[PDB]
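> task: produce atomic coordinates for the following.
(chains A, B, C and D)
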Amino acid sequence: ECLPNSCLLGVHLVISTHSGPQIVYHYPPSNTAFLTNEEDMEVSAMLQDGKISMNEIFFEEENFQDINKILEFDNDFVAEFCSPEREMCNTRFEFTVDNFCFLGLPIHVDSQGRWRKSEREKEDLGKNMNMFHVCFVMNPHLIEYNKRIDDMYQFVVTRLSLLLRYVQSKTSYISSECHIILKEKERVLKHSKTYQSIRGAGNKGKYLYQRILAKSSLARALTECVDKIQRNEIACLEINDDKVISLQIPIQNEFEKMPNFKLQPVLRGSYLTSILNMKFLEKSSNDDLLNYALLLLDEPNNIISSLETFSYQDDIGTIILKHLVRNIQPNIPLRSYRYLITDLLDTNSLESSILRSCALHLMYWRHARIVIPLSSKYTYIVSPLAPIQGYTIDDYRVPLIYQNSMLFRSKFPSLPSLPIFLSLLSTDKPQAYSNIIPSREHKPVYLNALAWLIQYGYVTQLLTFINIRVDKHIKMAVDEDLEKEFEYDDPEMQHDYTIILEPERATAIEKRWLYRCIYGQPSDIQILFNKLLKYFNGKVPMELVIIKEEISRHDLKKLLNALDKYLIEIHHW
Amino acid sequence: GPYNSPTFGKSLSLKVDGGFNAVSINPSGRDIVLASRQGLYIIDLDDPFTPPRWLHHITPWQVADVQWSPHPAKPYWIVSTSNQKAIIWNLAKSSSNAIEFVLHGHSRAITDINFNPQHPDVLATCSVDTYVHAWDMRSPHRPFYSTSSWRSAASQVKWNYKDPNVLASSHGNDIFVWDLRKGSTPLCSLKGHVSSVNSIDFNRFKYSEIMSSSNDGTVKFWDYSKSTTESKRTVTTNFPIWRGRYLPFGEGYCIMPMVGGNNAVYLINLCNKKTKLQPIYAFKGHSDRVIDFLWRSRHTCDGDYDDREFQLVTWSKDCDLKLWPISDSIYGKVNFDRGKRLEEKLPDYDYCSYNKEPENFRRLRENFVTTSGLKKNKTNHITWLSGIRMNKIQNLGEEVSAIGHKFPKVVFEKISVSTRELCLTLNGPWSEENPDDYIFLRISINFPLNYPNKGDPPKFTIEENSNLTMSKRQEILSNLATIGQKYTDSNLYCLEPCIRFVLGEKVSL
Amino acid sequence: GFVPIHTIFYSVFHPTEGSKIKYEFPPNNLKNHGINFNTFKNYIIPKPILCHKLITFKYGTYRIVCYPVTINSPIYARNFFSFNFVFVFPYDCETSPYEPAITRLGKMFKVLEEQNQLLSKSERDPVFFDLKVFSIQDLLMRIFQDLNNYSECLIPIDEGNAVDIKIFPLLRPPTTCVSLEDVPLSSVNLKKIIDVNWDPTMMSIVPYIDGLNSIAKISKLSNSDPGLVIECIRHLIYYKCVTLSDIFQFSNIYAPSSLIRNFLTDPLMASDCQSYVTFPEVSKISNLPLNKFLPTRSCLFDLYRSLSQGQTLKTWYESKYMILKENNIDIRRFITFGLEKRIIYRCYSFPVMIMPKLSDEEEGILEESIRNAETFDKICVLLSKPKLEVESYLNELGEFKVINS
Amino acid sequence: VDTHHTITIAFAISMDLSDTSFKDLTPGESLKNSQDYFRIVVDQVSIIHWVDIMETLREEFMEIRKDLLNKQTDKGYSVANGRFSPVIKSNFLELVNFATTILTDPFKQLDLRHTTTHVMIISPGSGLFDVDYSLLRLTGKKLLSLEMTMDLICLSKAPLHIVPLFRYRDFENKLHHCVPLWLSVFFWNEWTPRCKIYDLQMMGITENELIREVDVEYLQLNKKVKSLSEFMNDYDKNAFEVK
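Numbering: from 1, shown residues only, chains lettered A, B, ... in the order given. And now the structure:
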């Protein structure tokens, strides 16, 4: 299943003091049925300012449970069996009861008081605590257990617990956060008479959690992680007011082999291209990424606003990465953007490595998918996975085509609407994109429209794959050459066509076939064939060949038209 | 012929990855079949370096047992369990269409398969659903004999060597002896065990002698013509015994444990008496538990004398298929003697190799696509060659495996250790125009009979290229001949420095 | 495949010396392999809130699956008697198929212990009982060995009780996006699979499956409701036998896919393509004019790549008709082989908005289909009318355009 | 609930003597050559001996294959011959009319501590049965004249069709489906498969004999078409018509 679904239900903050394990903070107080199927000055100020982000469906009357009960289990019992011994700590804790995978990475103190090796109740709890655990409750299906649990532990839990252990090791934070959470719970349950006047258990819990999130900092981080991993969004967590961690689970929205959406569903608007981002991330563990161009997946100001949450203060990374976003366009190769790094800092230069790192960061965090440097001379078709049907991205009440037509009309009001513009690209035979442009006064606006369409996955690029062919005349000619060192009839409809699958990996007679295929063409055609014979394997697009080998497009047109009856054209994404 | 086999009498260990829970041997003594959940592997014993032939049959449940057909007129029939059905394979067909017919009896998983030694076209299968079925290969539609114990899942089924219509079955802690003439009512129900019975066997020369193993470490010998209860002999070991089988030569029996012991097969001389196990020879090795042991036979064609030599083949859980030679001291300690006269001549089997793939309106003759480029580069060949240990560097196969692992960027086009043919491709800086660029080559290698023993070097042949001049070809061939001529004077292996030099990485002297 | 069991052992709650391993096969396997029954002993015999549940955790590199069972009666000492049949697997596997078997084994032994105390009296120790008012080891050996070898067992433990375990693979649930315009294929011969236990609808669906009948056509032919046909097709997809496809017309926009190189890289695709696409005899359809001996593999490869995103099948056939006449190629079989091998796909047509008087229900479902941006195929299926009539009706209703995606 | 019921568990087995395979059976037709066995496990016994009741039931069920699949032969041995009839072809009406023999007479011997004579039938099917017409009529006319409620409980999942479902043939050999009004069906217990495909669940058919034999049918002429354009227009014109 390519549909992204992080099956998360909640988080725990279980610490183990010397007086026994206890639960400090679990964010969703809802029951099993919903999940499986100076009084208020700072609180209201932070709620209006937006620092308290917390879902409200978890605190409704039909979807609320007591704080002491977690999924038909008491808090003490959950704190007991989620607090292992020393031998089962400092490693994975994949515990399953019944369709409930209690998952987390417990961090336990060593033989000494060291957490890791290179008010006075707060210091007492810091010197008395020996184990803290961040337990994630998951309910994946039985066929995807080994996928969901593994990806969650690989992408969220490990990094979160390692950062928590590090920050606890240097300057005690989980001890202090747990102490202030317990102190605020004591001050709300026994004091702060505004809590008593509130009618309703759900609203009481909402007020308690609002006060906790207003006073604590780790509680806000756990709440944001639960609310954003469930929403399949990038979670930015503020920890210790000096470091921020970005947590996500990757989304498979890039495809090459056109998955059967009738049987296995696929996200609508998935980028169905043979040029993939993921072939560049795995290569970072040939082709240079500088030759391709970055196409932003959102407006640049919103990308900058989202980039203002990846660092607490403006370091050098979020200066270069902000400037590059403000000065990028999806029609020029990344080699031409070395001057932005060159002006902001004082081949194999460090500028190229910095730009590579920034491009990887942009295309990993769902900000700018890289593409070929789009022009009007390429062929563009409507992808089969075009976001046309469905009321949303993952429906499976207005369909996506009319919503995106409204967005197209709002963004581009000086050009025909999305149904007309899509019908002009699919009804006739696929030709160059410049044949839709009526005048040179409408070229950059149509380039922006094309970049928007590729951004939304509506329109892909039809690349050219060239395969070589040898007929019987070349076979007879090389037979005559090998002689230099039926029969009654001539049916003209028979041609002993032999396709050389790999021109580079061929025998002597097959290379003789390919070299006799050019016997008669001038010197430029011979040089262009000898420099581009190894790319005629039916798998390398010719646009990438033009970009990499620095050849003219008209030269490729000459080479194709001269060898008209021996070159096979293959056109697919 | 069997007498030119280079792997008889020498200890050799394969490495067959894949989790194979069954093994059987061609009665000719050349082929070995291995059964897994994905199908069958057929391995030539005389040329183990060739990759095994793969027959595809994907089943979720683990296969139980496999048995080569001992019928001399049809040596291409292999019967292997596939859950609730038995598949009779055909090696003369294609690799993807080797299934001939399937026995659709039983209702649950087939447990064991044994062939009748007197009528080699009669098959008996026992299954978990308490059914023991007797099949006939001539009409494989319905079983001509059905019987059951109605209480426990069967574990093994064996025919009687002397009486052609007596078969025995083990069902839990009680073993039954059925008769085809009677049917469904046993001749005798031998009840002397405490734990479950793992294996059952028959004496080759005795009419009514039965040996069974057990989980509680009790090997009990029966003579059911005298008394059904008790036992003629009882041997107690310190481990559960998984398979206990009679010796084919002389008087004796070999047993092996499922767990415990040293995971070795113990050989015990046989020349109501409870006693302890006193083995003669233990086949030490096999770090993990052993799945089955097989016997390899090799005798003269038309001779009237019992001059056969025996080799033991053990398949274990550690993905090791070891070959155990048998010394003459074992032939002496066990009561085995070369018979001056034979009452009956031994059967003669065709010594064929069922490992290579067989050759198999009106279409028009053409070459649609080039065979080269369509080829898959043989990377499984190097892994297979890395797992053969005959007796630093030992033979040609280990050298080929070493150069394959040392240079992952050298693509092997043809590997053939048996025929000493080695065709490989590489890219090297051998252009008179531009020394920086690389030229694709297809160098083929031929080795002599004694490749490292004498001063004779390999004869390298390079296919012609327009990119390669005559001068460069002469230089490469002369330098490779010089390296091979000089470096075999120390009787070492010259395939690493030659390939390194043609790759242009360094120079050696 | 099925993971082999690593170590099976039987824990029990002794009222004096606590939780301990009563029996274990293979013997001393846990101590040899490093597994210690002093770290996870609180999960094997837990407090009675975790009891009667399928506890599964990870210990080092070994994944441990167990079903603890606790019986409450005054007959036993301390009013309780707890045991656990624990299964240990390596971590890098899938313990999904063994979980119902372990749960049912625990439930069955709980039932037997509640019935006649089969597991408590087997200890031969009166300390398990109040005292005021069959071999387990052989069973473990047989369970371990039979589940390692045969994945099945019929192990007898008494005169009327037997451990009957069969391990089945886990199959993915089928899709829910199956509609009335999708034609179902059948990669298996469904004639010989039918036995007495089938659903009555699924008996009727089988004869009308040939790669060219739509689901609504199957429903109307077999006199079936479309919902039960949808469920039966989903059941057939669930066993990996039936794959959906598209209704074949002569107005389709078939185009090559990214797997068109499979017609060269597969050694057994073109050879079957020669025999598949050819008429059995010299058919008359290969002799009609455009207006008034087997095919070459190169011809078939050139005909596959001749399709394009915008060239309808009518235009391609009337632009290439001498080739499909001399070679005697059935065009429907030609397209169907390419669709079955996933080397070409179909560009669907979408009537996005910007004659006889049809009924009120017809215009209502027409408006509902237009509002949901449904394809021309679904509208044609629901109205039981061809493409031209649907286009004329839509043009009478309002201006619209066609998207070939 | 602390009840004092008087249970009476009895088997009811139908054996198919014929050698024809089960795949070759026409739906709605009862088995022609069949033999019916009845094995009473426990007589009228109060439920306070439920441990002994379940022990007897387990022993009798585990010793039911030997009692029937083995047959006595006059030669001097036994033969493991015989097959259980399937649920669809089973003798369901014969069980129903065998149960209505202890209540037939209103003036039977009185049970002085028990009143109701509730009857339950446990079946491993899904409420689908093949019945005879006259037997069904007689069963209905008898069951509307005596004080019994029959609650058939099925050990399989609830099927897509309505339950209970009876398939039968009339005197003119036409298939008919009817739902009786004297039987109540209970079922004993994402996506759940409610249809049973036994040959594919257990992989009882191997790979080479499971390949498709009937492919897509070839195109045909209408004997009124002169050109390929006319044929294409006619094929697109009749691509959605149902005959």
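
> when you work out contacts or count neighbours from here on, use the C-alpha atoms and nothing else.
Will do.

> contacts for stretch A:430-445?
Applying Cα atoms under 8 Å, 6 or more residues apart in numbering or on different chains, the contact partners of stretch A:430-445 are A:375, A:376, A:377, A:378, A:379, A:380, A:381, A:424, A:446, C:308, C:309, C:310.

> who in the stretch 201-350 of chain C is up against chain A?
Residues of the stretch 201-350 of chain C found near chain A (Cα under 8 Å from any Cα of the partner chain) are C:243-244, C:256-259, C:261, C:264, C:298, C:305, C:308-311, C:347-348.

> just the residues you listed: which are in helices?
C:264, C:298 (DSSP state H).

> quickly name whichever of the residues of the stretch 201-350 of chain C next to chain A is closest to chain A.
Nearest to chain A among these is residue C:310, at 4.7 Å by Cα to the nearest Cα.

> in the stretch 151-300 of chain B, which spans are helices?
Counting by DSSP state H, counting those that start in this stretch, one finds no helices in the stretch 151-300 of chain B.

> should've said the stretch 101-250 of chain C
Counting by DSSP H, counting those that start in this stretch, the helices of the stretch 101-250 of chain C are C:136-149, C:200-205, C:215-221, C:226-238.

> so which of the ones you listed gets nearest residue D:131?
Residue D:131 sits nearest to helix C:200-205 of all the helices of the stretch 101-250 of chain C, at 15.4 Å, using Cα to Cα.

> before we move on, the earlier item: just the buried subset of the contacts of stretch A:430-445, please.
Buried subset of the contacts of stretch A:430-445 (neighbour count, 16 or more other Cα atoms under 10 Å in any protein chain shown): A:375, A:376, A:378, A:379, A:380, A:381, A:424, A:446, C:308, C:309, C:310.

> can you list those in TSV and add distance to residue A:197 and secondary structure?
Shown next, in TSV, are the buried ones among the contacts of stretch A:430-445 (distance: Cα to Cα, whole Å; DSSP: H, G, I helix; E, B strand; the rest coil):
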residue	distance to residue A:197	secondary structure
A:375	66	coil
A:376	67	coil
A:378	68	coil
A:379	68	strand
A:380	64	strand
A:381	63	strand
A:424	65	coil
A:446	61	helix
C:308	71	coil
C:309	68	coil
C:310	69	coil
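
> which two from those end up farthest apart in space?
Counting by Cα to Cα, the most remote pair of those is A:446 and C:308, 24.2 Å apart.

> just give me the neighbour total for the residue nearest to residue B:84 when sequence neighbours are not counted.
Leaving aside its sequence neighbours, residue B:84 sits nearest to residue B:109 (Cα to Cα, 6 or more residues apart in numbering or on different chains; 4.3 Å). The number of residues packed near residue B:109 is 26, by other Cα atoms under 10 Å in any protein chain shown.

> my guess is residue B:109 meets residue C:150, correct?
Yes - at 6.7 Å, residue B:109 and residue C:150 qualify as touching, with contact defined as Cα atoms under 8 Å.

> give me the common contacts of these two.
residue B:83.

> next up, the contacts around the nearest residue to residue B:235 once chain neighbours are set aside.
Leaving aside its chain neighbours, residue B:235 sits nearest to residue B:219 (4.8 Å; criterion: Cα to Cα, 6+ apart). Applying Cα under 8 Å, 6+ apart, we find residue B:219 in contact with B:211, B:212, B:213, B:234, B:235, B:236, B:237.

> if we use 7 Å, what do you get?
Going by Cα atoms under 7 Å, 6 or more residues apart in numbering or on different chains, residue B:219 touches B:212, B:213, B:234, B:235, B:236.

> neighbour-wise, which of those leads?
Within the contacts of residue B:219, neighbour counts (other Cα under 10 Å) peak at residue B:213, which reaches 28 neighbours.

> near chain B, which residues of chain A show up?
Proximity of chain A to chain B, by Cα under 7 Å from any Cα of the partner chain, involves residues A:496, A:497, A:498, A:499, A:500, A:501, A:502, A:505, A:506, A:508.

> and if we set it to 10 Å?
Remark: the part of chain A in contact with chain B comprises A:469, A:495-512, A:515, A:537, using Cα under 10 Å from any Cα of the partner chain.

> those residues in helices, which ones?
Per DSSP H, these map to helices at A:508, A:509, A:510, A:511, A:512, A:515.

> quick check, the last one in contact with residue A:529.
In this case it means residue A:515. Yes - between residue A:515 and residue A:529 there is a contact under Cα atoms under 10 Å: 9.2 Å.

> tally of neighbours for residue A:77?
What residue A:77 shows, counting by other Cα under 10 Å, is a neighbour count of 18.

> kindly report the same for residue A:419.
By the measure other Cα under 10 Å, the count of residues near residue A:419 is 21.

> helix/strand/coil for it?
Three-state call for residue A:419 (DSSP: H, G, I helix; E, B strand; the rest coil): helix.

> pretty sure it contacts residue A:401?
Yes - counting by Cα under 10 Å, residue A:419 touches residue A:401, with 8.2 Å between them.

> now the common contact residues for the two.
residue C:352 (Cα atoms under 10 Å, 6 or more residues apart in numbering or on different chains).

> residue A:81 touches residue C:43, doesn't it?
Yes - with contact defined as Cα under 10 Å, residue A:81 counts as touching residue C:43 (7.9 Å).

> show me whatever sits in contact with both of the two.
Residues touching both residue A:81 and residue C:43 by Cα under 10 Å, 6+ apart: A:95, C:50.

> more neighbours: which of these two?
residue C:43 (20 against 17).

> so what's that one up against?
So residue C:43 contacts A:81, A:95, A:97, C:50, C:51, C:55, C:56, C:57, C:66, C:67, C:68, C:84 (Cα under 10 Å, 6+ apart).

> the residue nearest to residue B:84 is in contact with residue B:60, isn't it?
No - using Cα under 10 Å, residue B:109 makes no contact with residue B:60, being 11.9 Å away.
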